[PDB]
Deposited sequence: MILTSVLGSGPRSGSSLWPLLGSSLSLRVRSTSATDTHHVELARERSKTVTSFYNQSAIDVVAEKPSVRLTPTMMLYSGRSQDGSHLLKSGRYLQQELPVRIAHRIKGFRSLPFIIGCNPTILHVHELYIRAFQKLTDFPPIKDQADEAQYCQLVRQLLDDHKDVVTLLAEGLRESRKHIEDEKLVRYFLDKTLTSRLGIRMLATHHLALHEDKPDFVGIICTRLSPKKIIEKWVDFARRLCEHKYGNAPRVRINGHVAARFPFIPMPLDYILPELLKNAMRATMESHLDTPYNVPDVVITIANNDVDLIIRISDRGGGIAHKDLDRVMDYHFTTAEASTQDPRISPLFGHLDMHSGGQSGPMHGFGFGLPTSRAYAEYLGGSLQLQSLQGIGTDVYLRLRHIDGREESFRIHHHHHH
């Protein structure tokens, strides 16, 4: 449904076609988000933070539609400025929704409703930001990238990037962090879009590390490694993240995938990651060994 244009061209004609495609596509997608807010239960839609986000989307739609049809490179250039502005203006939207919904959702009893709204809203948003960021990136001169598409992504490398990140957060909080071993198809390289991994990987790694530290309070200086296995085949990329952090309790298991649920970010890591994975044609599955640890399986389809 959403096209990431991979074409390049000397005169910069492909930038024009891309820009014109965005211009047709973005207002429509934003209008769908606005309809989602309009259909929220009244009591939730009246929450001042939800109203703020609703108004941001209306404002986005207005600016996008106010922008004249792109006729030349000069126009396309100014359109990119608008798109950059909107991307920035909306950067905290996930956090505002989480906040606005936290209490308000407790009112209504159809708890399916908020899950559906958040799944639909956050995944459409991911898709919108991918499209827009892709267009902007077409102007960049990065080797191994066409827009936001890496032509030879290494799962091992991007995993290591987020491992370093998560380990530093963990070390800050607990004074130590599990080491991470990576095995399986460590030398794999293939065309792939980093952005979803950039959201999902740190969420899963933070979870695994927290769980490991909290279950080893007596030996923070000596905790079990987290073990990550990469499997690359013609159909999908599988990343298994296995910890010895004690598992997800039976009493918690049916709730960990709910937005807002946490035993402690703000309980969004798992449901958001799963929503993103499925949006892109993959999945996120959990296997809990209560008393031992948890295996988390991220699957993403190849391009």
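Residues of the deposited sequence lacking C-alpha coordinates, counted from 1, fall in the stretches 1 to 72, 337 to 364, 404 to 418.
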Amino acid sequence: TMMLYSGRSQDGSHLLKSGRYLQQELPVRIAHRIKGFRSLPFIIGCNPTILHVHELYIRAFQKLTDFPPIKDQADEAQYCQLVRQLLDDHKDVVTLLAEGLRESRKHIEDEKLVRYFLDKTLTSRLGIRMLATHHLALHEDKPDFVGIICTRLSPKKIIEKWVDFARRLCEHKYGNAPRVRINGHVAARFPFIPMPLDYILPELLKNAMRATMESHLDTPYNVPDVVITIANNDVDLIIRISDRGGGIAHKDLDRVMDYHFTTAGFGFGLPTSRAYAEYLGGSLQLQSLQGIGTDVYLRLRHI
From here on, numbers count along this sequence of modelled residues.
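By rigid core we mean the largest C-alpha set that fits within 1.5 Å across both forms.
Of 150 to 158 and 104 to 112, the stretch whose C-alpha atoms sit farther from the shown form in 7 other deposited structures of this protein, after fitting on the rigid core, is 104 to 112. The stretch that moves more in 7 other deposited structures of this protein, judged by CA deviation after a rigid core superposition and choosing between 216 to 224 and 95 to 103, is 95 to 103. For the cut-off of one third of the other compared entries, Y276 stays well clear, since all of them model it along with its flanks.
Coverage remark for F266: absent from the model in at least one third of the other entries compared whose chains are built on both sides.
Comparing the deposited coordinates for 109 to 117 and 190 to 198, the stretch with the larger average C-alpha B-factor is 109 to 117. The PDB entry reports B-factors from which the mean C-alpha value can be compared for 268 to 276 and 48 to 56; the larger average falls on 48 to 56. Within the listed group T133, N183, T219, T123, the record reports its top CA B-factor for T219. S215 sits in the middle third of its chain by CA B factor, as recorded in the PDB entry. For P69, the recorded CA temperature factor ranks within the highest third of the chain's modelled residues. The deposited CA B-factor of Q85 belongs to the middle third of values across its chain. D254: CA B factor lies in the highest third for its chain, per the PDB record. Per the PDB record, residue ranking by Cα B-factor puts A98 in the middle third of the chain.
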